[PDB]
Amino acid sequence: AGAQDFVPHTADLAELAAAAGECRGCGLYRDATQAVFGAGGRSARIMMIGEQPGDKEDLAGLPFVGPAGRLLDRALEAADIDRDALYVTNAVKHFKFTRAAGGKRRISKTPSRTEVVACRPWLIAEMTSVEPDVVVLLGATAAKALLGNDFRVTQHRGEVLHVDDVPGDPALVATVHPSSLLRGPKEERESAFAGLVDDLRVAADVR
């Protein structure tokens, strides 16, 4: 049952976000600072979904505000997509984390499939509210949330996907999460960035 009873009977994003602040649909609300709902408006043609709010997002109250979000901004701009026209969110809405002694940040921990499924009523509410033409799935957790737990992002780069149990039948494009592009050898980071731009352009060219 997960988050389902916490989701109000409205498509209004402000009302949904306020209700998500009270969600206890899995255990992640306990240690997180606050729920981080998606950001953007219901006229958005492109929805983008990451894994979870990270350390910076958990305190900003907004998605994609840390280093991964700044890299995503650079890729969006290169793809000539206006971020203000997107609806951006995450598969789960509370930050799951630990700390290491001497660390500079809280370290994100992978949501279990159980947590993803518990939080999915919020994602369905967002998709029903926004009616996107295309959904960009950033990373394995988000892609699996809609495409199935066995789905491999690495095996379907550049492909427009469609699955029948997604409400509205939007196009789906699964790509690497921007956090994966922050570190590594220079030429591999550069090739990976170009690939993210490519996938964003595929999504933007839908219809």
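We number the residues from 1 along the sequence you see.
Novice: Take the C-alpha B-factors listed in the entry for 121 to 129 and for 82 to 90, compute each mean, and give the stretch with the larger one.
Specialist: The deposited B-factors put 82 to 90 ahead on the C-alpha mean.
Novice: Test of understanding: from the entry's C-alpha B-factors, which stretch has the higher mean, 168 to 176 or 30 to 38?
Specialist: Here the higher of the two C-alpha B-factor means belongs to 168 to 176.
Novice: Per the entry's Cα B factor values, which of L59, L181, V153, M47 stands out as the maximum?
Specialist: Each of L59, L181, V153, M47 was compared by C-alpha B-factor; the highest is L181.
Novice: What third of its chain's C-alpha B-factors does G158 belong to: lowest, middle or highest?
Specialist: Within its chain, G158 is a highest-third residue by C-alpha B-factor, going by the deposited values.
Novice: Test of reading the entry: by CA B factor among the chain's modelled residues, which third contains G69?
Specialist: Ranked within chain, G69 CA B lands in the middle tercile.
Novice: Can you tell me whether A11 has a C-alpha B-factor in the lowest, middle or highest third compared with the other modelled residues of the same chain?
Specialist: For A11, the deposited C-alpha B-factor lands in the highest third.
Novice: Per the entry's values, where does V136 land by CA temperature factor relative to the rest of its chain, in the lowest, middle or highest third?
Specialist: Lowest third - that is where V136 ends up once the chain's C-alpha B-factors are sorted.
Novice: Looking at the C-alpha B-factor of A18, is it in the lowest, middle or highest third of its chain?
Specialist: According to the entry, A18 has a C-alpha B-factor in the chain's highest third.
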